[PDB]
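Chemist: Here we go, the starting part of the complex in its complex frame:
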Amino acid sequence: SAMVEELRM
């Protein structure tokens, strides 16, 4: 969740 949240933005 952390990587996705800070990656897609």
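Modeler: Sure, I can see it. Residues are numbered from 1 along each chain as shown, chains lettered A, B, ... in the order given.
Chemist: which residues of chain A fall in helices?
Modeler: Listed in chain order, the helices found in chain A under DSSP state H are A:2-8.
Chemist: For residue A:7, grab the count of nearby residues.
Modeler: Using other Cβ atoms under 10 Å, residue A:7 has 7 other residues around it. C-beta coordinates here come from the backbone N, C-alpha and C atoms, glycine included.
Chemist: show me the contacts for it.
Modeler: Contact partners of residue A:7, counting by Cβ atoms under 8 Å, 6 or more residues apart in numbering, are absent.
Chemist: Roughly how far does it sit from residue A:1?
Modeler: To residue A:1, residue A:7 is 10 Å away according to Cβ to Cβ, to the nearest Å.
Chemist: The following sequence is to be added as chain B:
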Amino acid sequence: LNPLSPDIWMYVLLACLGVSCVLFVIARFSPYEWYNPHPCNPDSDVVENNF
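Modeler: Okay, chain B now, added to the rest:
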């Protein structure tokens, strides 16, 4: 620009590009750079970017 030999000039340009890019990479992994603009109102968790 004669003093520094043409080697170091291009080395420095490439180093600047690489350092900026790795800074950008570490910015995403950073925990606290996400700084919810205008935290005067904590109403919404608008987690937004910098760097």
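Chemist: Once more for the neighbour count of residue A:7, now including chain B?
Modeler: Residue A:7 is surrounded by 9 other residues when neighbours are defined as other Cβ atoms under 10 Å in any protein chain shown.
Chemist: just residue B:5 next, same as before
Modeler: Residues contacting residue B:5 under the criterion other Cβ under 10 Å number 9.
Chemist: what does residue B:28 give?
Modeler: 16.
Chemist: give the contact list for it.
Modeler: If you count contacts by Cβ atoms under 8 Å, 6 or more residues apart in numbering or on different chains, residue B:28 has them with A:6, A:7.
Chemist: so how far is residue B:43 from it?
Modeler: The span separating residue B:28 from residue B:43 equals 26 Å under the rule Cβ to Cβ.
Chemist: List phi and psi for the residue of chain B found nearest chain A.
Modeler: The nearest approach of chain B to chain A comes at residue B:28, 5.0 Å away (Cβ to the nearest Cβ). Note on residue B:28: backbone dihedrals following degrees, to the nearest 10 are phi -60, psi -40.
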